[PDB]
Amino acid sequence: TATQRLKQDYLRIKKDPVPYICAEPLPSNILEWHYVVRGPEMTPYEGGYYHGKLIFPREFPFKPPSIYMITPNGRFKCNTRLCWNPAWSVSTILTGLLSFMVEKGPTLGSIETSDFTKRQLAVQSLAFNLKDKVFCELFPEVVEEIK
């Protein structure tokens, strides 16, 4: 079951967190998870906070989620689908997404910008996410972090 697996993935990521990431299911829907990525140091994302979502099909773990980023970031186009081992958890998926984010290669959903726009968006992400009621309500500790 998608839901029984996602429940496991939740306990697992909460028990054994991964660097730069926080993830929460929607209280009204386990098949939709939101995440926050903190931009690592020594990248143009440094100082940024990037909100996105995963939307899991009923067929999960045997089919991958759809991945979206919501925060303007300079790397991925917003609100659009981005880029199988069913053992991969929500943790592995988020860690892989960030690995991809920090590289320079292209995929479905990538955009080409300059490092100084990326840097301006990282400054802009703080206020962008604070005006987002869903961000604030899912990630109350990151709000405190950002503030």
Side-chain angles (χ1 to χ4, degrees), residues 1-14 16-40 43-139 142-143 145-146:
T1 267
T3 80
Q4 293 155 4
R5 248 307 295 274
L6 285 167
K7 279 163 153 159
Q8 304 187 310
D9 282 7
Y10 187 64
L11 306 166
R12 173 210 274 291
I13 200 162
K14 287 307 187 194
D16 199 11
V18 297
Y20 314 96
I21 307 301
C22 183
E24 292 298 337
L26 294 196
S28 26
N29 180 14
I30 199 158
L31 297 173
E32 181 166 336
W33 291 43
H34 292 232
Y35 62 87
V36 200
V37 180
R38 201 178 64 251
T43 64
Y45 313 106
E46 163 169 358
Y49 291 82
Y50 311 97
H51 178 213
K53 39 163 141 194
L54 310 176
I55 292 177
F56 293 92
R58 186 65 70 201
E59 296 84 21
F60 184 83
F62 308 101
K63 286 187 49 192
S66 274
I67 308 178
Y68 306 88
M69 201 167 276
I70 297 163
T71 310
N73 50 279
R75 170 75 160 112
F76 297 120
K77 184 136 297 289
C78 293
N79 312 127
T80 207
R81 212 171 269 123
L82 321 168
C83 291
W84 185 256
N85 177 6
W88 298 337
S89 46
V90 175
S91 296
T92 309
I93 291 158
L94 291 160
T95 290
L97 178 61
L98 170 72
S99 289
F100 227 126
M101 194 182 181
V102 164
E103 290 167 347
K104 310 225 317 270
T107 27
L108 187 79
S110 59
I111 55 153
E112 293 196 338
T113 63
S114 79
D115 290 14
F116 18 116
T117 172
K118 304 194 199 212
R119 285 197 187 80
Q120 176 87 63
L121 300 174
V123 189
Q124 275 168 7
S125 68
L126 273 43
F128 185 95
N129 296 325
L130 299 169
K131 304 184 199 181
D132 191 335
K133 310 141 283 332
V134 175
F135 177 89
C136 295
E137 167 168 20
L138 295 179
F139 305 110
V142 188
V143 167
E145 207 190 318
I146 285 165

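Reckoned from all heavy atoms, side chains included, excluding hydrogens, waters and symmetry mates. Position 1 is the first residue of the sequence; numbering continues from there.
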Query - Verdict with supporting geometry, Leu97 and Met101, side chain to side chain contact (heavy atoms under 4.5 Å, CB included) - result: CA-CA 6 Å; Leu97 178 61; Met101 194 182 181; 5.5 Å; no
Does atom [atom1] of [X] have more than 12 heavy-atom neighbours, drawn from other residues, nucleotides or ligands, at distances under 6.0 Å?
| X | atom1 | answer |
| --- | --- | --- |
| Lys14 | NZ | yes |
| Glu112 | CD | no |
| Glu46 | CD | yes |

Query raised in the report: Could you walk me through whether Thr92 and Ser89 pass the side chain to side chain donor-acceptor pair (under 3.5 Å) check?
Result: CA-CA 5 Å; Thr92 309; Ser89 46; 3.3 Å; yes
Can you name the closest pair of heavy atoms from [X] and [Y] and give their distance?
| X | Y | result |
| --- | --- | --- |
| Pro61 | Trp84 | O-NE1, 3.1 Å |
| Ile70 | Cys78 | O-SG, 3.5 Å |
| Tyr68 | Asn79 | CD2-C, 4.0 Å |
| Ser91 | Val18 | CB-CG1, 4.1 Å |
| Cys136 | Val143 | CA-CG2, 3.6 Å |
| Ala2 | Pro57 | CB-O, 3.8 Å |

**Report entry** Stepwise side chain to side chain contact (heavy atoms under 4.5 Å, CB included) check, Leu6 with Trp33
**Finding:** CA-CA 10 Å; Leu6 285 167; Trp33 291 43; 4.0 Å; yes
In Å and rounded to the nearest 0.5 Å, what is the [atom1] to [atom2] distance from [X] to [Y]?
| X | Y | atom1 | atom2 | result |
| --- | --- | --- | --- | --- |
| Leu82 | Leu54 | CG | CG | 10.0 Å |
| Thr1 | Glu59 | OG1 | CD | 11.5 Å |
| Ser66 | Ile55 | OG | CD1 | 7.0 Å |
| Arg5 | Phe62 | CZ | CZ | 8.5 Å |
| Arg119 | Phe116 | CZ | CZ | 9.0 Å |
| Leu94 | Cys22 | CG | SG | 10.0 Å |

Would you call [X] and [Y] a side-chain contact if the rule is heavy atoms closer than 4.5 Å?
| X | Y | result |
| --- | --- | --- |
| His34 | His51 | yes |
| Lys77 | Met69 | no |
| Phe100 | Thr107 | yes |
| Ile111 | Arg75 | no |

Query raised in the report: With distance as the sole test, does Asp115 use its side chain to make a donor-acceptor pair with the main-chain N or O of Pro44 at under 3.5 Å?
Result: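 Not a single qualifying donor-acceptor pair exists.
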Query raised in the report: Is a side-chain N or O of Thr43 found less than 3.5 angstrom from the main chain of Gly39, in a donor-acceptor match?
Result: no
**Report entry** Distance-only polar pair, side chains of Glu24 and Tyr35, donor-acceptor under 3.5 Å
**Finding:** no
Query raised in the report: Which of parallel (below 30°), tilted (30 to 60°) and perpendicular (above 60°) describes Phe60 and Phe56?
Result: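 Because their plane-to-plane angle is over 60°, the rings of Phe60 and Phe56 count as perpendicular.
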Requested in this report: Sequence neighbours left out, what passes side-chain hydrogen bond (donor to acceptor under 3.5 Å, both in side chains) with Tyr20? Give chain and number order.
Outcome: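 Result, side-chain hydrogen bond (donor to acceptor under 3.5 Å, both in side chains) vs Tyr20: none returned.
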**Report entry** Verdict with reasoning, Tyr50 to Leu98, per side chain to side chain contact (heavy atoms under 4.5 Å, CB included)
**Finding:** CA-CA 10 Å; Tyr50 311 97; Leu98 170 72; over 6 Å; no
**Report entry** Test side chain to side chain contact (heavy atoms under 4.5 Å, CB included) applied to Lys118 and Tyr45, step by step
**Finding:** CA-CA 6 Å; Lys118 304 194 199 212; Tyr45 313 106; 3.2 Å; yes
Which side-chain N or O atoms in residues 121-130 pair as donor and acceptor under 3.5 Å with protein atoms at least two apart or in another chain?
{"from": "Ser125", "atom 1": "OG", "to": "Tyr49", "atom 2": "N", "distance (Å)": "3.0"}
{"from": "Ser125", "atom 1": "OG", "to": "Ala122", "atom 2": "O", "distance (Å)": "2.8"}
{"from": "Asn129", "atom 1": "OD1", "to": "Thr71", "atom 2": "OG1", "distance (Å)": "2.9"}
{"from": "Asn129", "atom 1": "ND2", "to": "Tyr49", "atom 2": "O", "distance (Å)": "2.6"}
{"from": "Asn129", "atom 1": "ND2", "to": "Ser125", "atom 2": "O", "distance (Å)": "3.2"}

